[PDB]
Structures are given as structure tokens and as C-alpha cells.
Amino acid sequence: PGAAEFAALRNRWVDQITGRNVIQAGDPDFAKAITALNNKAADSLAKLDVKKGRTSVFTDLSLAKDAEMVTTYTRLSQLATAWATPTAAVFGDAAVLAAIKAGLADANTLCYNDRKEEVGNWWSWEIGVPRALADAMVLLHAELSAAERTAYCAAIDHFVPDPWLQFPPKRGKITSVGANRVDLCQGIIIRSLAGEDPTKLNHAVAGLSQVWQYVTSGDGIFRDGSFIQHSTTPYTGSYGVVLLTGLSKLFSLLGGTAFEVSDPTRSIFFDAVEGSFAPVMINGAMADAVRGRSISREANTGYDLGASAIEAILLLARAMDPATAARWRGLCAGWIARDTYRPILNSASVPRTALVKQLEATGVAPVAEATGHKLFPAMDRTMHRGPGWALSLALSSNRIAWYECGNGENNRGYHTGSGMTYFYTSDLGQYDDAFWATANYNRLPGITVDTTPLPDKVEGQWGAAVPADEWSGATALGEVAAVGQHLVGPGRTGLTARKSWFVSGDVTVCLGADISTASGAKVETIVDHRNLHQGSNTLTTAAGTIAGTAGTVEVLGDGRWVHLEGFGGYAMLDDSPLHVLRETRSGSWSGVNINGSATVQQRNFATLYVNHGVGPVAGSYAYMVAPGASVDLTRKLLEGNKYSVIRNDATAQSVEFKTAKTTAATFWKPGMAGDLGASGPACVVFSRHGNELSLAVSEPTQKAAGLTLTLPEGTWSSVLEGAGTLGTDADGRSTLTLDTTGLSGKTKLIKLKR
């Protein structure tokens, strides 16, 4: 491929990043996209350093600060984008063009050139600048000289001689992986279009192949659909999105050319659309539990990341077989249609607007989020859905860090892996509406927590430490899931707790046992900590109402249930006191992220908790949550033994769902929970239908070669579906012995016949 092929690729890239070929005349959403483009460009131009012999390009960005160097470059690429977008205010404006060129030239002279050593964050030099500089070169190809291309290409190549690797020489260079590999390859591919370098282009394309190979450890995509970046942090929703976005753009760019991505194993990445991304998308938002430190970002939210994912999936759907294209389109149309809270078109780019308009013109109908369970054992995450709700559980374990903090972001997030229960609902802004600026980071919903104050960045940055726990894991059979977490508290308090969740199609049963700590502080378990926005939502009880006054904690009478207006129901499954607090909290994004705004946000919360006291000995809890339940349904939860606690202690935790005729259990030690037993750690869900026993089982440590169940509901003589060896114990009970070697926490389904 020569000059014409390179020109066509450059033109395609500019088409893609400007939407110049797809603007619909007189369309109001296109006009809005152009207005947003114009306002950003105007803002940057207003900040241009005009001074003779200038030492920065923008008056508010120092080239001596690597993040501000990146922003210098991304403003220049944005201005170049505007300059290249028909009907933009600065479209074809030669004065603006000259300013962009002089900015690229001076930033090169002053800072970013082939003689400069990296200072500060590697990512700035190797990903932030190259992608933006490469885009600017391509956008400005007709306008830059050969000498300018040589200079800029030389600078990029100096920092990124090989996009399969990362870090400056003084550090020792390592293999780039996941999102980082995609981003490095993007920068080199675009730079290779500007410089017409097929050798660099081919190598960078070949570099994409590693990112979608299945892994069983480290970073990447796991066969269960989990995605990890930074070794220990569930990351589908932020780094996984970066991967998704970059591959969408690169695949589209190269498709049909001499440089097309042709590796057939890319099927694994396509499989990840539904296997990895879709289950953690909730009405247009990526679940907070899979977006790591980005929760602390006021302007990189679950909806920002979900919108990027939707853009990427739409772009990839264009190349798919008809059935897959239509399925992906339907998924996106649903995530778009259900999201009235941050509509995707508000502040959308021209490209994003075009893809959304193209989707609408297909007439592909919106696909509903399926009810039921999606388990991700490799990343200690589970998702559960029923009509009107999605529960996301956030665990941690000897595989998965309590949290990621880094670069001044999420330093206070140390309890976010302590068994959080995120109940997403039609309150689309629950976790988005300054939740992370105002919430009590020591009382996050669902957690058990030692009230000892912890310092910012406790346990270290970048997920370097993980809890030395027994196990965290899950299984599910049909409409019921069993999830367990041995919580080890961060900050060496010695907090220990056994937390389990038993999740049906409607209600979540939450059991806790064996709770103690070494710190001498009180331990709490948080039934909920729920953003009311500016509302005064009523907490109804058997007797009347509770916590009507902000700031005065009250203890629930003895009816055992509370209903929160606009949410649903909570009910206690033991006789423990339920403390109920209506509170107003304040905070700024700057308190949770070094880049956050100083603006103070003020939010109302309902805070429901159990207090285990000081020095608990085998403390425990038992309660349920019924999202979307009416006051009348709430009042009835505890009637008729619908949610039958079987056992809740240091050996096992188990509940039977009466209506569903299904029983769920977690096992910590060998023993029995009712008529079900296990020989070691296990998650089990079972249900008898006449003369047939259905079971789901996981071995949640991920390290045991075998597991033996002692079977419920009488004797069982043959295996109908699945694998396993039937036996008989000393007491005459049927046993099922499973080979669990290498199962990585995955579920085995078994059906037995009487």
C-alpha cells in the first residue's frame, strides 16, 4: 500500500472522528453537537498564550506538569477537529489553523520532542500525548509540512518505540496489556497514517491480538466474562470500556484495507459484548462496582462510560453478521431509551450523534435487561435483576483488592469492596447525583464495617494489597443465587465477617455471622445508605413513621419492617435493633479526587444500620431488601415463612425461598445447613421438582480439587444431567462428589433422579 491507500485511511479517520460526512442538515441534535464543539473550541482559543517568546501554549496549562501537557495536546486536537467539521464556527478558519499549528510547533520545541526524558506519569508521555498529537497530524495533514510530520513522528517514536511495551527506559519496559495496549497501538497506528509507515502500522495492528486472548490470571478477559486491569481490580466498566472504544475505532478504520484486523480469535472480543459488557450495563450506566477509581470522577461517571460503550458497540455492529448486529443494536436501543436521566444525545459528539441517529433509523426495537443472575467469579462480582431493579455486589478476596486508589483518585474508597449492595432502580441518579461526593464512605450500602477511622490510601495505591480471606464466590440455579464473602477489613483492624446474599427474582436476603474485630471499636452493618437527592421520602413502619427529623437516629419499634418511599421495603429476619437515620450530608468532588471541583454538594440520605457494638463475639445480622415493594407487600414479607432462615453461623448460612421452592446456602466449614451438607467451602442452590433434584454448585476458593455434598430431600440414585459421583454416607444420606479441579469458581449444574 502506497500514497493513495494512506490518503484514504487518513480521510476515513477524519470522517470517523469528525462526523463530517454524516451531519444531517437542520437536525437539532447535530446542531447541538456543533454548538458543544464550538463552545469548547472558543474556550481553548480564549486561553491561548499570545505572549512573545511564550513558554506555554495555553495560559492555564504548564508544560512542566505532565497532565497539563496532555491537556495542551487534547485542546489542540479538539481545535483541529472543529477546524475540520463543516458548519463549526471555526471550520476552515485560517487564523485558528495558524494558532493550532503554532501550538503544536511550540509544544514540540518546548517540551514534547525526541530529546526529552519522561518526567512524571508515563501514561502522559506514551498515551495521552501520542493519541492527541497523532489525531492532530491526521486532521491537519493537508496543512502541516513534511518537516513538521518528521518532527512530530520522531517525538512519538521517542516515547513509544514499540507499542507492545510501556514505561521509559530508566524504569525497565514491560509488556503493555489490556486498555494500555489498545491505547498505545492506537497512537502508533494513527501516527503511521500521518507518516505513511506500513511497518509500524502492521506491528501495532498485530499488537491488538493479545488483548482479547483469554487469561486465567493477570489482566484481561476471563472465560467467565470478567475483565481485570491492574491485576486485582474488577475493571470492565472503565479500562474495559477504553479497550472496547479503541478497538471499535481501529477495527472500523482498518476494515477492508490492506491493514485490516484479520486475526480470527477477535471473535473472543465480539463475544465479550454480551459476555462481559452487557451484564454490567444498567440503563445506560456501567456499574460502579466494575469501574474502580473512576467513581471519584465528577465528569467520568457510570453514564459517561456507558455512553462510550454504546457508541463503541454501535460502531462495531456495522461489521457484524445480521443477527449479531441486530442483537447489539437492540441492547443499545434499550440502554438509550430507558435512560431519561443522562440522555445520550446531551453533550454528544458529532460521531456519537451520528451513530445514535443511525440506530434510530434502523428501527431495531429496544431489548429489555433480562431478569436473573450473571456471576463473575474471577473478579468477585455478581449482577442480579428483577422487574425494576438491578443488584450489583462488590466483594473482595485473596484475588481481588478492597479498592483501587491512585493519582489522587478514590483515596477514600477503602470500604467499597466490603460487601456493597448497590440496588439500581428507576432512581437512575442514585449513585450518580453527587453520591460519591456526599456519601458516608464508612457506611456504604450493604457493608460490614469496623468504625475505626482509616487514612486515605490505607492498604496502598493501585490495588497492591488484597484481603487474606477464606473465599468469596457465588453460584445460581434458575431464579436464585447464593453469594458469599469472607470479609477481612482493610487497615489491619482485625475485622472479620461472614456475609452472604441469597437473591431471588424479587428479594435479597442478607445474612451475616461470625463478626468480630481486634480494634476495640464498634462494628456496624449497613442495611442501606440511600441518596434521597433533595427529597423528604417517608420511612413508614408498622406503627407509623420513623426518622422524620434529620440528624436524630431512631430505633425501629418491633414490627420489623421499614418502607422507604420511592424505593421499597426492608425487613429484619432476627430480633436485632434496626437504627434509622435521616441525614443531610455535604461534600465537594475535590474531597474525593484531587481534580474534583470545589463546589459543595448537599444531599439527603436515609441510613439504616445494625450496630454489633464494641467487642462483638460471633456477631450476626439477618435482613432482606425488597426493591420496588409497595408498603402492603413490605408489611407481608415476614408472614407465612416466605424467607425461611435455615442456619446463620460460622459453619454455614442458608435460606429457603418458600414460593420459589428453592434453597440457597454458603458453607464456610464442613457441616450441615438443614438437610444439605458440604465437605468444605461451597455455594449451593437446590430445588426439587417431584422426583428430580436440581443443583447448582461452586467451589468458591478456586483451589480445591474436590467437593462432596450431602444431599437434601431424601435419597438420589442416578445423575440425569451433568457430572458427579453418587455415594452414601454413614447415616444413610446420599452424597455427590464433584471433581472441582481448575473450575475457577464457576458453577456446575447437576440434575438427579430419585
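Residue numbers run from 1 along the displayed sequence.
Margin query: Averaging CA B factors per stretch from the PDB record, which one is higher: 700-708 or 723-731?
Written below: The recorded data point to 723-731.
Item to check | 603-611 set against 347-355, stretch whose average Cα temperature factor tops the other in the entry | outcome: Higher of the two, by average CA B-factor, is 603-611.
Quiz prompt | C-alpha B-factor winner, where the candidates are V273, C510, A547, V182 | solution = Highest C-alpha B-factor among the listed residues goes to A547.
Per the entry, which of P577, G178, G505, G306 tops the list for Cα B factor? By C-alpha B-factor in the record, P577 ranks first.
Taking only the Cα B-factors deposited for this chain, tell me whether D632 sits in the lowest, middle or highest third. Ranked within chain, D632 CA B lands in the highest tercile.
Assigned third (lowest, middle, highest) for the C-alpha B factor of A33:
Middle third, going by the recorded CA B-factors of the chain.
*asked:* Based on the deposited C-alpha B factors for this chain, I'd like to know if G218 is in the lowest, middle or highest third.
replied: CA B-factor rank for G218: highest third.
| said: How does the C-alpha B factor of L48 compare with the rest of the chain: lowest, middle or highest third? | reply: Ranked within chain, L48 CA B lands in the highest tercile.
- Name the third of the chain's ranked CA B-factors that contains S262, choosing lowest, middle or highest. As the PDB entry reports it, the C-alpha B-factor of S262 lands in the highest third of its chain.
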